[PDB]
Structure formats: C-alpha cells, structure tokens
$ cat protein-v5.csv   # CSV, C-alpha atoms and all ligand atoms
chain,number,residue,atom,x,y,z
B,4,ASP,CA,0.0,0.0,0.0
B,5,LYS,CA,1.4,3.4,-1.2
B,6,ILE,CA,2.6,5.9,1.4
B,7,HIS,CA,4.6,9.1,1.6
B,8,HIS,CA,6.3,11.2,4.2
B,9,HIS,CA,5.5,14.9,4.9
B,10,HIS,CA,8.6,17.1,4.1
B,11,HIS,CA,10.6,13.9,4.0
B,12,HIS,CA,14.1,15.2,3.9
B,13,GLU,CA,13.8,18.4,5.8
B,14,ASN,CA,16.6,17.5,8.3
B,15,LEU,CA,19.2,17.2,5.5
B,16,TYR,CA,19.1,20.9,4.6
B,17,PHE,CA,21.3,22.3,7.4
B,18,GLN,CA,25.0,22.7,7.4
B,19,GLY,CA,27.8,23.5,9.7
B,20,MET,CA,31.1,25.2,9.1
B,21,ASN,CA,33.5,23.4,6.7
B,22,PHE,CA,36.3,26.0,6.3
B,23,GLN,CA,39.8,24.7,6.6
B,24,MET,CA,42.7,27.0,6.0
B,25,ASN,CA,44.7,24.5,3.9
B,26,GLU,CA,41.7,23.6,1.8
B,27,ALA,CA,40.7,27.2,1.2
B,28,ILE,CA,44.3,28.0,0.0
B,29,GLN,CA,44.2,25.0,-2.4
B,30,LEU,CA,41.3,26.7,-4.2
B,31,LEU,CA,42.5,30.3,-4.0
B,32,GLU,CA,45.9,29.3,-5.4
B,33,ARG,CA,44.3,27.6,-8.5
B,34,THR,CA,41.8,30.1,-9.8
B,35,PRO,CA,44.2,32.2,-11.8
B,36,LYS,CA,45.8,29.3,-13.7
B,37,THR,CA,42.3,27.8,-14.2
B,38,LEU,CA,40.9,31.0,-15.7
B,39,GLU,CA,44.1,31.3,-17.9
B,40,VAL,CA,43.9,27.7,-19.2
B,41,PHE,CA,40.1,28.1,-19.8
B,42,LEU,CA,40.0,31.5,-21.5
B,43,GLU,CA,43.5,32.1,-23.0
B,44,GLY,CA,43.5,32.0,-26.7
B,45,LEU,CA,39.8,31.8,-27.0
B,46,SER,CA,38.3,34.0,-29.6
B,47,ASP,CA,37.3,37.5,-28.4
B,48,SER,CA,33.6,36.5,-28.9
B,49,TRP,CA,33.9,34.3,-25.8
B,50,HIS,CA,35.6,37.1,-23.8
B,51,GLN,CA,32.8,39.6,-24.6
B,52,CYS,CA,29.8,37.4,-23.8
B,53,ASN,CA,27.6,38.0,-20.8
B,54,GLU,CA,24.3,36.7,-19.4
B,55,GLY,CA,22.3,39.4,-21.3
B,56,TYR,CA,21.5,43.1,-21.2
B,57,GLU,CA,23.3,45.0,-18.5
B,58,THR,CA,25.4,42.1,-17.2
B,59,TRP,CA,29.2,42.1,-17.1
B,60,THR,CA,31.3,40.5,-19.8
B,61,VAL,CA,33.7,37.6,-19.1
B,62,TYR,CA,36.6,40.1,-19.6
B,63,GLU,CA,35.0,42.5,-17.1
B,64,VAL,CA,34.5,39.7,-14.5
B,65,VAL,CA,38.3,38.9,-14.6
B,66,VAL,CA,39.1,42.6,-14.3
B,67,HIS,CA,36.7,42.6,-11.3
B,68,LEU,CA,38.6,39.7,-9.7
B,69,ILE,CA,41.8,41.7,-10.2
B,70,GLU,CA,40.2,44.7,-8.5
B,71,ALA,CA,39.2,42.6,-5.4
B,72,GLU,CA,42.9,41.4,-5.2
B,73,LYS,CA,44.0,45.0,-5.0
B,74,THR,CA,41.3,46.6,-2.8
B,75,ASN,CA,39.2,43.9,-1.0
B,76,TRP,CA,40.2,40.7,0.8
B,77,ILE,CA,43.7,41.4,2.0
B,78,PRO,CA,43.1,45.1,3.0
B,79,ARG,CA,40.0,44.0,5.0
B,80,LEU,CA,42.0,41.1,6.7
B,81,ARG,CA,44.6,43.6,7.7
B,82,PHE,CA,42.0,46.0,9.0
B,83,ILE,CA,40.3,43.2,11.1
B,84,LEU,CA,43.7,42.2,12.6
B,85,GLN,CA,44.8,45.8,13.2
B,86,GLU,CA,41.6,47.7,14.1
B,87,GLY,CA,39.5,44.9,15.5
B,88,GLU,CA,35.9,46.0,16.1
B,89,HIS,CA,36.8,49.6,17.0
B,90,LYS,CA,36.3,50.8,13.5
B,91,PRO,CA,34.2,49.6,10.5
B,92,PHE,CA,35.9,48.6,7.2
B,93,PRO,CA,36.4,51.6,4.9
B,94,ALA,CA,34.4,51.9,1.7
B,95,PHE,CA,35.9,50.8,-1.6
B,96,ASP,CA,37.2,53.5,-4.0
B,97,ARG,CA,36.9,56.9,-2.2
B,104,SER,CA,40.4,49.9,-20.4
B,105,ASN,CA,38.9,46.9,-22.1
B,106,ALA,CA,41.8,47.4,-24.6
B,107,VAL,CA,44.4,45.7,-22.4
B,108,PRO,CA,44.8,42.1,-23.8
B,109,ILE,CA,43.2,39.5,-21.6
B,110,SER,CA,46.6,37.7,-21.4
B,111,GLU,CA,48.0,40.7,-19.5
B,112,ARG,CA,45.0,40.4,-17.2
B,113,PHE,CA,45.8,36.8,-16.4
B,114,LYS,CA,49.4,37.6,-15.7
B,115,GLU,CA,48.3,40.4,-13.3
B,116,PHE,CA,45.7,38.2,-11.5
B,117,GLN,CA,48.3,35.4,-11.0
B,118,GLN,CA,50.9,37.8,-9.6
B,119,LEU,CA,48.4,39.6,-7.3
B,120,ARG,CA,47.0,36.3,-6.0
B,121,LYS,CA,50.4,34.8,-5.4
B,122,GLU,CA,51.4,37.9,-3.3
B,123,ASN,CA,48.1,37.9,-1.5
B,124,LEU,CA,48.4,34.3,-0.5
B,125,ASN,CA,51.8,35.1,1.0
B,126,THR,CA,50.3,37.9,3.0
B,127,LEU,CA,47.5,35.7,4.1
B,128,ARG,CA,50.1,33.2,5.4
B,129,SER,CA,51.9,36.1,7.2
B,130,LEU,CA,48.8,37.4,8.9
B,131,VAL,CA,46.8,34.3,9.8
B,132,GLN,CA,49.4,32.0,11.5
B,133,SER,CA,47.1,29.8,13.6
B,134,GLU,CA,43.6,28.4,13.6
B,135,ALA,CA,42.8,30.5,16.7
B,136,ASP,CA,43.3,33.7,14.5
B,137,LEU,CA,40.3,32.6,12.4
B,138,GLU,CA,38.1,33.7,15.3
B,139,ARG,CA,39.4,37.3,15.4
B,140,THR,CA,36.7,39.8,14.7
B,141,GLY,CA,36.3,43.1,12.9
B,142,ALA,CA,33.4,45.4,12.0
B,143,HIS,CA,31.5,45.5,8.7
B,144,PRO,CA,29.8,48.8,8.0
B,145,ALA,CA,26.4,46.9,7.4
B,146,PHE,CA,26.8,43.4,8.7
B,147,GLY,CA,28.3,44.2,12.1
B,148,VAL,CA,30.8,41.9,13.7
B,149,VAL,CA,32.6,39.6,11.3
B,150,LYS,CA,35.3,37.0,11.8
B,151,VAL,CA,38.4,36.3,9.8
B,152,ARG,CA,37.0,32.8,8.9
B,153,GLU,CA,34.0,34.5,7.4
B,154,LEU,CA,36.0,37.0,5.3
B,155,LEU,CA,38.2,34.1,4.0
B,156,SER,CA,35.3,31.9,3.2
B,157,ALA,CA,33.6,34.7,1.3
B,158,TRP,CA,37.0,35.1,-0.6
B,159,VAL,CA,36.9,31.4,-1.7
B,160,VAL,CA,33.2,31.6,-2.5
B,161,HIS,CA,33.7,34.9,-4.4
B,162,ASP,CA,36.1,33.2,-6.8
B,163,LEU,CA,33.8,30.3,-7.4
B,164,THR,CA,30.7,32.6,-7.9
B,165,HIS,CA,32.5,34.5,-10.6
B,166,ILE,CA,33.9,31.4,-12.3
B,167,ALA,CA,30.2,30.2,-12.6
B,168,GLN,CA,29.2,33.6,-13.8
B,169,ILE,CA,31.9,33.3,-16.5
B,170,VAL,CA,30.8,29.8,-17.4
B,171,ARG,CA,27.0,30.6,-17.6
B,172,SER,CA,27.8,33.7,-19.9
B,173,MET,CA,29.6,31.4,-22.3
B,174,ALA,CA,26.7,28.8,-22.2
B,175,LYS,CA,24.2,31.6,-22.9
B,176,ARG,CA,25.8,32.3,-26.2
B,177,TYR,CA,24.3,29.0,-27.5
B,178,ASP,CA,20.7,29.2,-25.9
B,179,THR,CA,19.2,29.3,-29.4
B,180,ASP,CA,21.9,27.1,-31.0
B,181,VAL,CA,21.2,24.0,-28.8
B,182,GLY,CA,17.6,23.9,-30.2
B,183,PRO,CA,15.4,21.4,-28.4
B,184,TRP,CA,18.1,20.4,-25.9
B,185,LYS,CA,17.6,23.8,-24.1
B,186,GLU,CA,15.2,22.6,-21.4
B,187,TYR,CA,17.0,19.3,-20.7
B,188,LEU,CA,20.3,21.2,-20.5
B,189,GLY,CA,18.7,22.7,-17.4
B,190,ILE,CA,18.1,19.3,-15.7
B,191,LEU,CA,21.0,18.0,-13.7
B,192,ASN,CA,21.7,14.8,-11.8
B,193,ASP,CA,19.7,12.7,-14.3
E,5,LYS,CA,8.6,62.5,-16.4
E,6,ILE,CA,7.3,59.3,-18.1
E,7,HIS,CA,8.2,55.6,-17.9
E,8,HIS,CA,8.2,52.9,-20.6
E,9,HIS,CA,6.1,49.7,-20.8
E,10,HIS,CA,8.3,46.6,-21.3
E,11,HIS,CA,11.2,48.9,-22.1
E,12,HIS,CA,13.7,46.3,-23.4
E,13,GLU,CA,11.4,43.6,-24.7
E,14,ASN,CA,13.0,44.0,-28.2
E,15,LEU,CA,16.5,43.2,-26.8
E,16,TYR,CA,15.5,39.7,-25.9
E,17,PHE,CA,15.5,37.7,-29.1
E,18,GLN,CA,18.8,35.8,-29.6
E,19,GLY,CA,20.0,34.4,-32.9
E,20,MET,CA,22.5,31.6,-33.6
E,21,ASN,CA,26.1,32.1,-32.5
E,22,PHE,CA,27.7,28.6,-33.3
E,23,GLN,CA,30.9,28.7,-35.2
E,24,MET,CA,32.8,25.4,-35.7
E,25,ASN,CA,36.3,26.8,-34.8
E,26,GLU,CA,35.0,28.6,-31.7
E,27,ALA,CA,33.1,25.4,-30.6
E,28,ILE,CA,36.2,23.3,-30.9
E,29,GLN,CA,38.3,25.9,-28.9
E,30,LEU,CA,36.1,25.3,-25.9
E,31,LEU,CA,35.7,21.5,-26.3
E,32,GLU,CA,39.5,21.1,-26.6
E,33,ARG,CA,40.1,23.0,-23.3
E,34,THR,CA,37.6,21.4,-21.0
E,35,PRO,CA,39.7,18.4,-19.8
E,36,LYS,CA,42.9,20.5,-19.0
E,37,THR,CA,40.7,23.2,-17.3
E,38,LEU,CA,39.1,20.6,-15.0
E,39,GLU,CA,42.4,19.0,-14.3
E,40,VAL,CA,44.3,22.2,-13.4
E,41,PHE,CA,41.2,23.3,-11.3
E,42,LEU,CA,40.7,20.0,-9.4
E,43,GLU,CA,43.9,18.0,-9.5
E,44,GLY,CA,45.6,17.8,-6.0
E,45,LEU,CA,42.7,19.5,-4.2
E,46,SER,CA,41.6,17.7,-1.0
E,47,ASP,CA,39.2,14.8,-1.5
E,48,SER,CA,36.7,17.0,0.4
E,49,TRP,CA,36.4,19.3,-2.6
E,50,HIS,CA,35.9,16.3,-4.9
E,51,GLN,CA,33.1,14.8,-2.7
E,52,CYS,CA,31.1,17.9,-2.3
E,53,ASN,CA,27.7,18.2,-4.0
E,54,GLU,CA,24.8,20.7,-4.1
E,55,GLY,CA,22.8,18.7,-1.5
E,56,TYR,CA,20.8,15.5,-1.1
E,57,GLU,CA,20.6,13.3,-4.3
E,58,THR,CA,22.9,15.5,-6.3
E,59,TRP,CA,26.2,14.3,-7.8
E,60,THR,CA,29.6,14.8,-6.3
E,61,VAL,CA,32.3,16.7,-8.2
E,62,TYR,CA,34.0,13.3,-8.8
E,63,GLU,CA,30.7,11.9,-10.2
E,64,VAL,CA,30.3,14.8,-12.6
E,65,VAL,CA,33.8,14.1,-14.0
E,66,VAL,CA,32.9,10.3,-14.3
E,67,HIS,CA,29.7,11.4,-16.2
E,68,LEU,CA,31.6,13.6,-18.6
E,69,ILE,CA,33.7,10.6,-19.4
E,70,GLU,CA,30.6,8.6,-20.1
E,71,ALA,CA,29.2,11.3,-22.4
E,72,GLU,CA,32.5,10.9,-24.4
E,73,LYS,CA,31.8,7.1,-24.8
E,74,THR,CA,28.0,7.1,-25.2
E,75,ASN,CA,26.6,10.4,-26.3
E,76,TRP,CA,28.0,13.1,-28.7
E,77,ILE,CA,30.0,11.2,-31.3
E,78,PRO,CA,27.9,8.1,-31.5
E,79,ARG,CA,24.9,10.4,-32.1
E,80,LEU,CA,26.8,12.5,-34.7
E,81,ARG,CA,27.7,9.3,-36.6
E,82,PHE,CA,24.1,8.1,-36.5
E,83,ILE,CA,22.8,11.5,-37.8
E,84,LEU,CA,25.3,11.6,-40.7
E,85,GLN,CA,24.7,7.9,-41.7
E,86,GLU,CA,21.0,7.5,-41.1
E,87,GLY,CA,19.6,11.0,-41.4
E,88,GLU,CA,15.9,11.6,-40.5
E,89,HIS,CA,14.8,8.2,-41.8
E,90,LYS,CA,15.4,6.7,-38.4
E,91,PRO,CA,15.6,8.3,-35.0
E,92,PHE,CA,18.8,7.8,-32.9
E,93,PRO,CA,18.2,5.7,-29.8
E,94,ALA,CA,17.1,7.3,-26.4
E,95,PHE,CA,19.5,6.5,-23.6
E,96,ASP,CA,17.1,4.7,-21.3
E,97,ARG,CA,17.4,1.3,-23.0
E,98,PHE,CA,21.2,0.8,-22.6
E,99,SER,CA,22.4,0.5,-19.0
E,100,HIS,CA,25.9,1.1,-17.6
E,101,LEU,CA,27.6,-0.3,-14.5
E,102,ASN,CA,27.9,2.2,-11.7
E,103,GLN,CA,31.6,2.9,-11.2
E,104,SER,CA,33.8,3.0,-8.2
E,105,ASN,CA,34.6,6.3,-6.5
E,106,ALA,CA,37.8,4.5,-5.4
E,107,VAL,CA,39.6,5.1,-8.8
E,108,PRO,CA,41.9,8.1,-8.2
E,109,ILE,CA,40.5,11.2,-9.8
E,110,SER,CA,43.9,11.7,-11.6
E,111,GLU,CA,43.1,8.6,-13.6
E,112,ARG,CA,39.7,10.0,-14.6
E,113,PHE,CA,41.3,13.2,-15.9
E,114,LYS,CA,43.8,11.2,-18.0
E,115,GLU,CA,40.9,9.2,-19.4
E,116,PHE,CA,38.7,12.3,-20.1
E,117,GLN,CA,41.6,14.1,-22.0
E,118,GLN,CA,42.3,11.0,-24.0
E,119,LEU,CA,38.7,10.4,-25.0
E,120,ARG,CA,38.1,14.1,-25.8
E,121,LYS,CA,41.2,14.3,-27.9
E,122,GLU,CA,40.1,11.2,-29.9
E,123,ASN,CA,36.5,12.6,-30.2
E,124,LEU,CA,37.7,15.9,-31.6
E,125,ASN,CA,39.7,14.1,-34.4
E,126,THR,CA,36.6,12.1,-35.3
E,127,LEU,CA,34.5,15.3,-35.3
E,128,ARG,CA,36.9,16.8,-37.8
E,129,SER,CA,36.7,13.7,-40.0
E,130,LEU,CA,33.0,13.6,-40.0
E,131,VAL,CA,32.1,17.3,-40.1
E,132,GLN,CA,34.2,18.9,-42.8
E,133,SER,CA,32.0,21.6,-44.3
E,134,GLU,CA,29.4,24.2,-43.3
E,135,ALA,CA,26.9,22.0,-45.3
E,136,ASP,CA,27.6,19.1,-42.8
E,137,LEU,CA,26.4,21.3,-40.0
E,138,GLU,CA,23.0,21.7,-41.6
E,139,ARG,CA,22.5,17.9,-41.8
E,140,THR,CA,19.5,16.7,-40.0
E,141,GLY,CA,18.6,13.6,-38.0
E,142,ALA,CA,15.8,12.6,-35.7
E,143,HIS,CA,15.7,12.8,-31.9
E,144,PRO,CA,13.4,10.1,-30.6
E,145,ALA,CA,11.3,12.7,-28.7
E,146,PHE,CA,12.3,16.2,-30.0
E,147,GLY,CA,12.0,15.5,-33.7
E,148,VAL,CA,14.3,16.9,-36.4
E,149,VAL,CA,17.7,18.1,-35.1
E,150,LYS,CA,20.7,19.5,-36.9
E,151,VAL,CA,24.3,18.6,-36.5
E,152,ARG,CA,25.1,22.2,-35.3
E,153,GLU,CA,22.4,21.7,-32.6
E,154,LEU,CA,24.1,18.5,-31.3
E,155,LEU,CA,27.5,20.2,-31.4
E,156,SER,CA,26.1,23.2,-29.6
E,157,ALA,CA,24.5,21.0,-27.0
E,158,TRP,CA,27.9,19.3,-26.5
E,159,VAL,CA,29.6,22.6,-25.7
E,160,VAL,CA,26.9,23.7,-23.4
E,161,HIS,CA,26.9,20.3,-21.7
E,162,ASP,CA,30.6,20.9,-20.8
E,163,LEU,CA,29.9,24.3,-19.5
E,164,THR,CA,26.8,23.3,-17.6
E,165,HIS,CA,28.7,20.6,-15.8
E,166,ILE,CA,31.7,22.9,-15.0
E,167,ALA,CA,29.1,25.2,-13.4
E,168,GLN,CA,27.7,22.3,-11.4
E,169,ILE,CA,31.2,21.4,-10.1
E,170,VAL,CA,31.8,25.1,-9.1
E,171,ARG,CA,28.4,25.5,-7.4
E,172,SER,CA,28.9,22.3,-5.4
E,173,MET,CA,32.3,23.6,-4.1
E,174,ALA,CA,30.8,27.0,-3.3
E,175,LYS,CA,28.0,25.3,-1.4
E,176,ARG,CA,30.4,23.8,1.1
E,177,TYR,CA,30.9,27.3,2.7
E,178,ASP,CA,27.2,28.4,2.8
E,179,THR,CA,27.3,28.7,6.6
E,180,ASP,CA,31.0,29.7,6.7
E,181,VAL,CA,30.5,32.9,4.7
E,182,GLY,CA,28.2,34.2,7.5
E,183,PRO,CA,26.6,37.6,6.7
E,184,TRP,CA,28.1,37.6,3.1
E,185,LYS,CA,25.7,34.8,2.0
E,186,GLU,CA,23.0,37.2,0.7
E,187,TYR,CA,25.3,39.5,-1.2
E,188,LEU,CA,27.2,36.6,-2.8
E,189,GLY,CA,24.0,35.8,-4.6
E,190,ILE,CA,24.0,39.3,-6.2
E,191,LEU,CA,25.9,39.8,-9.4
E,192,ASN,CA,26.9,42.7,-11.7
E,193,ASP,CA,27.3,45.1,-8.8
Z,1,NI,NI,32.2,40.2,-7.0
Z,2,NI,NI,25.0,15.6,-18.4
$ encode --input "protein-v5.csv" --output "structure tokens" --more "lines below"
Ligand code: NI
Ligand code: NI
Amino acid sequence: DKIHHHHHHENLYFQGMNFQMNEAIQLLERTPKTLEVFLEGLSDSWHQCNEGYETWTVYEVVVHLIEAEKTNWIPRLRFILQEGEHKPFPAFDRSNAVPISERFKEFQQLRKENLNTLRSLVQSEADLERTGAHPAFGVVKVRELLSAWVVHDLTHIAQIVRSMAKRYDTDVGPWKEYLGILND
Amino acid sequence: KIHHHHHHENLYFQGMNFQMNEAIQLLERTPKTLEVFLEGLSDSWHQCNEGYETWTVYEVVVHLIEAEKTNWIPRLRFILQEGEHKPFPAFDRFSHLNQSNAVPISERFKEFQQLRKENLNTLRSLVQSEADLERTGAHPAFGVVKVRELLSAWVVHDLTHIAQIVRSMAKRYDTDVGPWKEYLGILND
C-alpha cells in the first residue's frame, strides 16, 4: 500500500562550518591558472559574452577579480587584525583594450602575493576567530572573510561559465530545457 | 517625467552564435581546465555536491567521461549515416555499470583528456563543411535536429557541468560565509 512522508528530507538541509585554511588556500591558489587555461587564446567572442543586457562580460568579470585582489580581501583582513571591532571597514574606491593575457598575468601575480600575505597574517587556527566590524553586517570573523573570498572566486567562475553557455541558448535547439536538468 | 512599458522587450531575441572553430576551442580546453582546477585538491572538494541526491564533483567528472563514450560522437555518426529516416536511440534502454569512486581522480582526468582528444579528431573527420552542420537527423522525442544543434548542445553540456562542479564547491561554505551569504548571490554590482 502506497505511502509518503511529509517534508521527507527536511533534516538534511542544514550545514555546519566546513572551512579549513589548507583547503581554502588550495582553491585560492588555483583560480588564476584555471581561468588562464580556460580562457587564454579563446576568440574574443567568448571574452565579450555576458548573461544578457546590463550584465558584465567575461573580460569584465576577470578585471573585477583583479580589482578585489588590490582593494578587497587582504586590505580587510589587515583591517580586522589591526583595528578589531573599534572601526568599520572603509568603503571601496573613495580599459577593455588591455589584452586578456595581460590580465591573467596580473591576477596570477596579485593572487600569489596575497596568499603570501594571508600566510603572514593568519598564523594559527585561533586567529580565524578574530573579529572586525563590517559597516552593514556588524561583527565579522576572519574565517567569514576568507570563506567569502573562496566563494567569491567560485561565484564569478560560474558567472563566466554561464555567460559562455548563454551564447548557445538558441543554437542548442530542443536540448535547451533538458540542459537545465542536472543529476539525471 | 514618463516611464516605458516593457522597455527592453526587443533586446531579448537571440540568434545563432555557433561557429565550428569557436566550438572546438572550448571542447578542446575542458579536460585540461578541469584537471588544473581539481587535481591535487583535498578529497573533500571532490566529494562535495549541491545537497541530497545531487552528484559529487567526482561523479560529474565520471559522467563527462561517459558522455564521451556514449553520447555526442555516437549520435553524430548516426545523424550523418541514417539522417531523418530513423531516430537515434534514447539512452534509457542501454544501461551502464555504476563505477567506483575509489579510482583516483587523476586517472579520470587522464581518461577524459584522451577520449576528448580522440573525439575531436573524429568530429573533424565527419564534419568537414558548413553544409555538414545543416545535416538533419531525428531525436526520438524532440523530432528533427541539426548537426550544429548536437555540437552546440555538446559545448553547453561541458559548461553546464563545469558550473555544477563550481556550485557544489561553493555550497560547502554556505554557513562559513556568514553575513556575506545574501550579497554573494547578487551579481553585476
Ligand atoms: Ni564580486
Ligand atoms: Ni549531463
């Protein structure tokens, strides 16, 4: 006789903290070489695609990643460790012509330097609990900044990949819907 | 001061962007991209998924290997040989053994690169002109399909599964990112 459960797998949709310094560094150290192998020597068509009107191009996403290496993660890590909660992070700020190959070189250099600084500043697991002040979010921990750093990379890789896939929305013909169905 | 109704409706009607050279550029890069991204990461990264009953990173790589044996090229051959007279088979009548997660992922990458390399040679043997792209066969449910539509679906398959791998890895830190969670869902800002 046929039966079911109410909200059968409710309990499964809850998650603890999985951050590990070593494991985070494994990802962070790979993103630049991954983007270079993937995108280098592709036709410019691929570098200029987006997910539609008023969304960033692939090239612009890589520039954005470079900008965060300069102005975002490491500067806020330093600020946490130096200012603690006594001051909120400062606001940020305050040429598409450059070959994408020059961008890859820059991102790889900045990332390499940033991972050396990371290692200098966070020298034990106990340091992951040190707190600073976000202008909107309130008290934030080092582990949360670094996690967001790893997730930020991944989020923009996926952004890049979906932009490229969108180029062929019409081209795939009747495969379009099924191409949205995963795990089958 | 006035506003428009459905201001950019007319911007949302996309044409066909497939070019053979550009398609092959991507397909030739996928194995080495997945290997440089995933090789030597902790097994934790390889076993992450997007939640209950979704595939692990490892399993997505195993599946891409299977697609290289079972899907794109065998269907291309069928289309070019049989045309629309006869639909190519659905996949639901030919089973495969579930494989061991115990095979080191390094071996899977080697296999995927080898099979992709072979498959791109075959593609160039079979599809030699623009006319060959306009050749039609018969999907057992969708009806008439063109070669360019199979090849385009192939490229998108790669990309869709790359995105699945990336999302599964990101998901691991859902709780870890703390108050950043909402904003990390907001793009182009
Ligand atoms: Ni961003
Ligand atoms: Ni698939």
$ residues_around --input "protein-v5.csv" --residues "residue 81 in chain B" --least-positions-apart "2" --cutoff "10 Å" --atoms "all atoms listed in the file" --output "MDAnalysis selection string"
chainID B and resid 76:79 83:87 126:127 130:131 141 151
$ residues_near_ligand --input "protein-v5.csv" --ligand "ligand NI 2 (chain Z)" --cutoff "9 Å" --atoms "only C-alpha atoms and all ligand atoms" --output "ChimeraX atom specification"
/B:188,190-193 /E:64,67-68,71,161-162,164-165
$ closest_residue --input "protein-v5.csv" --among "B:58, B:34, B:23, B:53" --to "residue 177 in chain B" --atoms "all atoms listed in the file"
B:53
$ atom_distance --input "protein-v5.csv" --atom1 "CA of residue 149 in chain B" --atom2 "CA of residue 180 in chain E"
11.0 Å
$ interface_residues --input "protein-v5.csv" --of "chain E" --to "chain B" --cutoff "8 Å" --atoms "only C-alpha atoms" --output "PyMOL selection string"
chain E and resi 15+18-22+26+29-30+33-34+36-38+40-41+45-46+55-59+146+149+152-157+159-161+163-164+166-167+170-171+173-174+176-185+188+192
$ write_last_selection --input "protein-v5.csv" --atoms "C-alpha atoms" --output "short mmCIF file (atom, residue, chain, number, x, y, z; two decimals), keeping the file's coordinate frame"
data_model
loop_
_atom_site.label_atom_id
_atom_site.label_comp_id
_atom_site.auth_asym_id
_atom_site.auth_seq_id
_atom_site.Cartn_x
_atom_site.Cartn_y
_atom_site.Cartn_z
CA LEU E 15 16.50 43.20 -26.80
CA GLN E 18 18.80 35.80 -29.60
CA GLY E 19 20.00 34.40 -32.90
CA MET E 20 22.50 31.60 -33.60
CA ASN E 21 26.10 32.10 -32.50
CA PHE E 22 27.70 28.60 -33.30
CA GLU E 26 35.00 28.60 -31.70
CA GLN E 29 38.30 25.90 -28.90
CA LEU E 30 36.10 25.30 -25.90
CA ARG E 33 40.10 23.00 -23.30
CA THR E 34 37.60 21.40 -21.00
CA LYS E 36 42.90 20.50 -19.00
CA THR E 37 40.70 23.20 -17.30
CA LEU E 38 39.10 20.60 -15.00
CA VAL E 40 44.30 22.20 -13.40
CA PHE E 41 41.20 23.30 -11.30
CA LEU E 45 42.70 19.50 -4.20
CA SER E 46 41.60 17.70 -1.00
CA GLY E 55 22.80 18.70 -1.50
CA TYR E 56 20.80 15.50 -1.10
CA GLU E 57 20.60 13.30 -4.30
CA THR E 58 22.90 15.50 -6.30
CA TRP E 59 26.20 14.30 -7.80
CA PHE E 146 12.30 16.20 -30.00
CA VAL E 149 17.70 18.10 -35.10
CA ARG E 152 25.10 22.20 -35.30
CA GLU E 153 22.40 21.70 -32.60
CA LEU E 154 24.10 18.50 -31.30
CA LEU E 155 27.50 20.20 -31.40
CA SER E 156 26.10 23.20 -29.60
CA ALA E 157 24.50 21.00 -27.00
CA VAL E 159 29.60 22.60 -25.70
CA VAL E 160 26.90 23.70 -23.40
CA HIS E 161 26.90 20.30 -21.70
CA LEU E 163 29.90 24.30 -19.50
CA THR E 164 26.80 23.30 -17.60
CA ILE E 166 31.70 22.90 -15.00
CA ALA E 167 29.10 25.20 -13.40
CA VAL E 170 31.80 25.10 -9.10
CA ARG E 171 28.40 25.50 -7.40
CA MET E 173 32.30 23.60 -4.10
CA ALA E 174 30.80 27.00 -3.30
CA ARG E 176 30.40 23.80 1.10
CA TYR E 177 30.90 27.30 2.70
CA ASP E 178 27.20 28.40 2.80
CA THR E 179 27.30 28.70 6.60
CA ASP E 180 31.00 29.70 6.70
CA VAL E 181 30.50 32.90 4.70
CA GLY E 182 28.20 34.20 7.50
CA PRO E 183 26.60 37.60 6.70
CA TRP E 184 28.10 37.60 3.10
CA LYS E 185 25.70 34.80 2.00
CA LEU E 188 27.20 36.60 -2.80
CA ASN E 192 26.90 42.70 -11.70
#
$ atom_distance --input "protein-v5.csv" --atom1 "CA of residue 130 in chain E" --atom2 "CA of residue 81 in chain E"
7.6 Å
$ atom_distance --input "protein-v5.csv" --atom1 "CA of residue 90 in chain B" --atom2 "CA of residue 135 in chain B"
21.6 Å
$ closest_atom_pairs --input "protein-v5.csv" --of "chain E" --to "ligand NI 1 (chain Z)" --cutoff "10 Å" --atoms "only C-alpha atoms and all ligand atoms" --output "tab-separated table"
residue	atom	partner	partner_atom	distance
E:187	CA	Z:NI1	NI	9.0
E:188	CA	Z:NI1	NI	7.5
E:189	CA	Z:NI1	NI	9.6
E:190	CA	Z:NI1	NI	8.3
E:191	CA	Z:NI1	NI	6.8
E:192	CA	Z:NI1	NI	7.5
E:193	CA	Z:NI1	NI	7.2
$ residues_around --input "protein-v5.csv" --residues "residue 118 in chain B" --least-positions-apart "6" --cutoff "10 Å" --atoms "all atoms listed in the file" --output "PDB file with C-alpha atoms, in the coordinates of the input"
ATOM      1  CA  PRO B  35      44.200  32.200 -11.800  1.00  0.00           C
ATOM      2  CA  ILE B  69      41.800  41.700 -10.200  1.00  0.00           C
ATOM      3  CA  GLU B  72      42.900  41.400  -5.200  1.00  0.00           C
ATOM      4  CA  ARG B 112      45.000  40.400 -17.200  1.00  0.00           C
TER       5      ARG B 112
END
$ closest_residue --input "protein-v5.csv" --among "E:99, E:172, E:25, E:75" --to "residue 49 in chain E" --atoms "all atoms listed in the file"
E:172
$ residues_around --input "protein-v5.csv" --residues "residue 109 in chain E" --least-positions-apart "5" --cutoff "9 Å" --atoms "all atoms listed in the file" --output "VMD selection string"
chain E and resid 42 to 43 50 62 65 to 66 114
$ residues_near_point --input "protein-v5.csv" --point "(42.1, 49.7, -3.3)" --cutoff "10 Å" --atoms "all atoms listed in the file" --output "JSON, numbers by chain"
{"B": [70, 71, 72, 73, 74, 75, 77, 78, 94, 95, 96, 97]}
$ closest_residue --input "protein-v5.csv" --among "B:4, B:136, B:66, B:50" --to "residue 104 in chain B" --atoms "only C-alpha atoms"
B:66
$ residues_near_point --input "protein-v5.csv" --point "(27.8, 8.1, -37.4)" --cutoff "12 Å" --atoms "all atoms listed in the file" --output "NGL selection string"
:E and (75-87 or 92 or 126-127 or 129-131 or 139 or 141 or 151)
$ closest_residue --input "protein-v5.csv" --among "E:142, E:107, E:135, E:61" --to "residue 90 in chain E" --atoms "all atoms listed in the file"
E:142
$ build_atoms --input "protein-v5.csv" --residues "range 18-24 of chain E" --atoms "N, CA, C and O atoms" --output "CSV table (one decimal), keeping the file's coordinate frame"
chain,number,residue,atom,x,y,z
E,18,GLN,N,17.4,36.3,-29.2
E,18,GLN,CA,18.8,35.8,-29.6
E,18,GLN,C,18.8,34.9,-30.8
E,18,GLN,O,17.9,34.1,-31.0
E,19,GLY,N,19.8,35.2,-31.7
E,19,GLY,CA,20.0,34.4,-32.9
E,19,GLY,C,21.1,33.3,-32.7
E,19,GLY,O,21.4,33.0,-31.5
E,20,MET,N,21.6,32.7,-33.7
E,20,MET,CA,22.5,31.6,-33.6
E,20,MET,C,24.0,32.0,-33.7
E,20,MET,O,24.4,32.7,-34.6
E,21,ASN,N,24.7,31.6,-32.7
E,21,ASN,CA,26.1,32.1,-32.5
E,21,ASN,C,27.2,31.0,-32.8
E,21,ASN,O,28.4,31.3,-32.7
E,22,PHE,N,26.7,29.8,-33.1
E,22,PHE,CA,27.7,28.6,-33.3
E,22,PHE,C,28.6,28.9,-34.5
E,22,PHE,O,28.2,29.3,-35.5
E,23,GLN,N,29.9,28.8,-34.2
E,23,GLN,CA,30.9,28.7,-35.2
E,23,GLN,C,31.8,27.5,-34.8
E,23,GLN,O,32.0,27.2,-33.7
E,24,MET,N,32.2,26.7,-35.9
E,24,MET,CA,32.8,25.4,-35.7
E,24,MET,C,34.2,25.6,-35.0
E,24,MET,O,34.5,24.8,-34.0
